[PDB]
Amino acid sequence: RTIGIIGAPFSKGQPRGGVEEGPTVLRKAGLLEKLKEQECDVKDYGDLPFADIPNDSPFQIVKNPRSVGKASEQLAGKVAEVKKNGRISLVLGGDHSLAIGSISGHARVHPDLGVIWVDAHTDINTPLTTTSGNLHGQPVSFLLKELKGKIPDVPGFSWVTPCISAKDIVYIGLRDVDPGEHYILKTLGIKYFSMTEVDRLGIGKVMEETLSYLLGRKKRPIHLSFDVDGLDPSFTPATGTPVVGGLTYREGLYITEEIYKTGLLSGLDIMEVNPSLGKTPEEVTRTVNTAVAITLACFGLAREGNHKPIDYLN
Amino acid sequence: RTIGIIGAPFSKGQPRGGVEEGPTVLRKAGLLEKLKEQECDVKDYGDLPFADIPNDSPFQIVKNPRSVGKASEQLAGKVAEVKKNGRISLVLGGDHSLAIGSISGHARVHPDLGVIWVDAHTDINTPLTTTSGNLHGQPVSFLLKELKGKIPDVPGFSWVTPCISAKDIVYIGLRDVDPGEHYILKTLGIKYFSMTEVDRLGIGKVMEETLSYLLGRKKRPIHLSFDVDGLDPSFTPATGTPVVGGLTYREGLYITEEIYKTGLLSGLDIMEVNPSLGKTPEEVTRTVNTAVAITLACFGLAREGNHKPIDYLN
Amino acid sequence: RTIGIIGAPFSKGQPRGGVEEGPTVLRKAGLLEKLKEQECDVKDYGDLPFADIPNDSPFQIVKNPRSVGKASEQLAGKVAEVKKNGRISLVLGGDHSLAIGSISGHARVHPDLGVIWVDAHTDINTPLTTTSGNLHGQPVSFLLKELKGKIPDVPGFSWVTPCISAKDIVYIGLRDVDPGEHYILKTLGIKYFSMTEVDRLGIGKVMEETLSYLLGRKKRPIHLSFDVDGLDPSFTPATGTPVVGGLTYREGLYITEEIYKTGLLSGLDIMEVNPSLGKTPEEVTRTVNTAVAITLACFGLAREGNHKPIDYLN
Ligand SMILES: N[C@@H](CCCC[B-](O)(O)O)C(=O)O
Ligand SMILES: N[C@@H](CCCC[B-](O)(O)O)C(=O)O
Ligand SMILES: N[C@@H](CCCC[B-](O)(O)O)C(=O)O
Ligand code: NI
Ligand code: NI
Ligand code: NI
Ligand code: NI
Ligand code: NI
Ligand code: NI
């Protein structure tokens, strides 16, 4: 595929600051080189320089709103830029709050996009239902059209315009959903496959249904927002909000291999990788290596193997 | 649900004594508080005080028969008490021999009960087929109606009256069954899903069949006897008889989430958790935390989330 | 079953030399005693004495060709010997290059054999497509009838005569296939179930299809070549070419339990176990114990249990 890499070293959507190193550790693992080692056309747009917003007091319970709102507004512009360039945007992120800007900018160019959100969490708390105040657990609430009128005017997000309907998104991997978030899921009728469904159906049927659900009516661009805590912490331990009983390494690769095979991937987010949280140097490399593997699968790397359109035996 | 907690610090059904700490470590993990944090009405009946039976020599090969028989006779009375109180009995146990009293007392009030036994073992050795002499590996033999006449009059169990037919029980998780036990399984035609069946069908179909098998003819109270060694030792390491290749954390939660959803759970046993056997302080907390998670799922905690019957967005 | 054990302490098919200890550590774990503990008739043909071929310079890129070719030629003769004795050959090996001789000797007596290759790799590189030069990653290329004319005359293999068609083999567990190997797979139309297929279908359906694929037309002898790196390194860490996201312990036992149940197993290879590569004494015992478990399942050991044709209750 044709990829446009965007580094987004941002962490103000949650407490821990090490998430800002995501772009760096991922690049160091040879992500660019590896993508090119495939049938991939890669153009790196660099790391977006996020300026400090020294004066950013909480809005009610919500923390660092102006900093988060500015980082997403900026990211939205860059993403829309790479999309206008006929490239699949690859956002190497910090925290998941950046999804607000990534999906927003993606939808400007492709308003008909469908979203696949792999995460242990729904991240759909409103500024009024959140208990932590961390914006990385509220991105979806700002993007849903049906929730407009329920989201207060939070400083830093006046530029936001809900771009996706509750019907254009599917969750995969849920295992720690807040009560208000659960109420929102059932009320707006959002499609999801919690770990319970994955256990019941198998990742195979889950992906069959997910894609059918989003592309049955018509093929449309796909945005995959992958939070690394969606995978079990035995695979991605260096992350801020780990939850046991997650998707396996294999299921992670299955999801992405299937997404790739649709040929419809147009936007990708690799989020919440925080090297600073590894209990050992190995947990860091384990988290980074898994994050990279997931990324490569999104762009063609298949476990059964790959080969060029040439005669290898000759 | 409406729960009646019963602590049963007993270990004479096997060699290791640390199993007697089960009720304590589980309570310390905040089990009561956590259940109440749900739509749960909790009444704790305390820890049953098991008196010492100093004079308890083996009956043939069977060890501590009078001590085990007395502990089960006592537990049976308490369980029947909580059942008469319209509450689901939750037996925080020591070793699995206590299942004799738990199921017995449960059946006094609800003679039509069906049993789901999650375990790596069948625990159906008779006093004559057992090679270890440990009674925690023989509870089922004392409960089956079809085995009466094959169980000798063992000191301490004259109060026992087989309350369940081979047709009212289903095993899930088997991977270390003795030859005589296997002979009993095939001969009495007991329904089971060994790890081989779980691998073949998937935990989803396994639960579909298990519940259909026990409730197809008519809905009836369900007794879930959960031996923590049914789960893989990577999840519940602090237990006396671990066996590799066990049920996963996810499968453990799936089984219980499905049981809960039947609305028919009326008796639950959480057994064999032995803190003293953890190779590290973390293996102990890992075993206890998993045991607690399984318990909460039996009473409504769902991985997709939970919410009260109120308007969260208002 | 009736087993003929053959120890093959050979490692020249790859760089690391510790693989030569496979037969020793497996025997020390009590493999013979354990098989006999079952309804197994065991005859050990000892460890084949592989003489040193001091003068063995590379053939182009291929390493230790004469040593590897001689070790396989020798093994082929022994395997054919045990087969003529009405016994299932059990090759406790070193590296996977020995599969050349094992399958060759097996096919002399049973030309209609079908092959099941459990491995993370296809091991089908030709002397011309290999990049490593290690012959343990090329055994299949020497055995396929359809590849004859594409394999150069490599010193030490003039005795080789392709004995299996691309249609008589099934791969299970693939996750690291080279480009040329992938080209060969799709070109010769070889049937395989990479980790992607296992994830999609489940090991249950995978085995249903595998056996149906090989025995649908007619029942025929089965040769199972099991490379321990086919299993995840969390189960078999002491091996030379580990690859994450492998088959689970359970899936490993499922495959073999199903193979056993066909009653058609006639040739088995347990390869690539290298004690010298364990990062700890426990990783070695973990690798060896798993390798043994897989072996026992091939010969009847079932997770649901086993019993003799006698009355256990009497
Ligand atoms: N639901 C919690 C945790 C959200 C976790 C955010 B995430 O998924 O981006 O890591 C909260 O609102 O603070
Ligand atoms: N079958 C063995 C082990 C039984 C294990 C008992 B259990 O399941 O309660 O831990 C025995 O009879 O000693
Ligand atoms: N494909 C690689 C690795 C092969 C691994 C060989 B095996 O499967 O026997 O361990 C190579 O040709 O060197
Ligand atoms: Ni998350
Ligand atoms: Ni998230
Ligand atoms: Ni058990
Ligand atoms: Ni038990
Ligand atoms: Ni291999
Ligand atoms: Ni191999």
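Residue numbering in chain B adheres to Swiss-Prot, whereby the residues present occupy positions 6-319 in order.
Cβ atoms are placed via backbone N, Cα and C, with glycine included.
What Swiss-Prot records for this protein:
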- B:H101, B:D124, B:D128, B:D232: Mn(2+) 1 binding site (BINDING)
- B:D124, B:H126, B:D232, B:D234: Mn(2+) 2 binding site (BINDING)
- B:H126, B:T127, B:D128, B:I129, B:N130, B:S137, B:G138, B:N139, B:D183, B:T246, B:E277: substrate binding site (BINDING)
- B:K17: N6-succinyllysine (MOD_RES)
- B:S62: phosphoserine (MOD_RES)
- B:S72: phosphoserine (MOD_RES)
- B:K75: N6-succinyllysine (MOD_RES)
- B:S163: phosphoserine (MOD_RES)
- B:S217: phosphoserine (MOD_RES)
Need the DSSP three-state call for B:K17 (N6-succinyllysine) to compare against my parser.
coil
List the Cα distance (Å, whole number) between B:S163 (phosphoserine) and B:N130 (substrate binding site).
18
Using a 10 Å cut-off, grab the number of neighbouring Cβ atoms around the Cβ of B:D124 (Mn(2+) 1 binding site), all chains included.
30
Can you tell me which of B:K17, B:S72, B:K75, B:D124, B:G138, B:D232, our recorded positions, come within under 6 Å of ligand 2 at the Cβ?
B:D124, B:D232
Same chain only, sequence gap of 6 or more: which residues have a CB within under 8 Å of the CB of B:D234 (Mn(2+) 2 binding site)?
B:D124, B:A125, B:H126, B:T241, B:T244, B:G245, B:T246, B:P247, B:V248, B:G251, B:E277
Compare all C-alpha positions of B:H126, B:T127, B:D128, B:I129, B:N130, B:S137, B:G138, B:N139, B:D183, B:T246, B:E277, the record's substrate binders, and send over the largest distance in angstrom.
19
I want the residues beyond B:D124, B:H126, B:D232, B:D234 whose C-beta is within 8 angstroms of the mean position of the Mn(2+) 2 site's C-beta atoms, in chain order.
B:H101, B:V123, B:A125, B:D128, B:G178, B:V233, B:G235, B:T246, B:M276, B:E277
So if the criterion is CB under 8 Å to a CB of chain C, which of the recorded positions B:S62, B:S72, B:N130, B:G138, B:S217, B:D232 qualify?
none
For ligand 6, list the recorded positions among B:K17, B:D124, B:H126, B:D183, B:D232, B:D234 whose CB atom is within a distance below 6 Å of it, in sequence order.
B:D124, B:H126, B:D232, B:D234
What are the sequence-distant neighbours of B:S72 (phosphoserine), meaning same chain, six or more residues apart, C-beta distance under 8 angstroms?
B:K17, B:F55, B:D57, B:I58, B:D61, B:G161
Counting Cβ neighbours within 10 Å across all chains shown, tell me which of the binding-site residues B:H101, B:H126 comes out on top.
B:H101
Can you grab the distance from B:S217 (phosphoserine) over to B:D232 (Mn(2+) 1 binding site)? Cα atoms, rounded to a whole Å.
22
List the Cα distance (Å, whole number) between B:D232 (Mn(2+) 1 binding site) and B:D183 (substrate binding site).
17
Sort out for me which one of B:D128, B:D232, B:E277 has the most neighbouring CB atoms within 10 A, since those are the binding-site residues we care about.
B:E277
Distance check, please: Cα of B:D183 (substrate binding site) against Cα of B:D128 (Mn(2+) 1 binding site), rounded to an integer number of angstrom.
9
Whole-number Å value for how far B:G138 (substrate binding site) lies from B:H101 (Mn(2+) 1 binding site) (Cα to Cα):
14
Nearest to B:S62 (phosphoserine) by Cα, among B:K75, B:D128, B:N130, B:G138 (recorded positions)?
B:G138
Quick one: pull the CA-CA distance for B:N130 (substrate binding site) versus B:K75 (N6-succinyllysine), whole Å only.
19
With Cβ-Cβ distance below 8 Å and at least 6 positions apart along the chain, what are the contacts of B:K75 (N6-succinyllysine)? List them in sequence order.
B:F55, B:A56, B:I58, B:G161
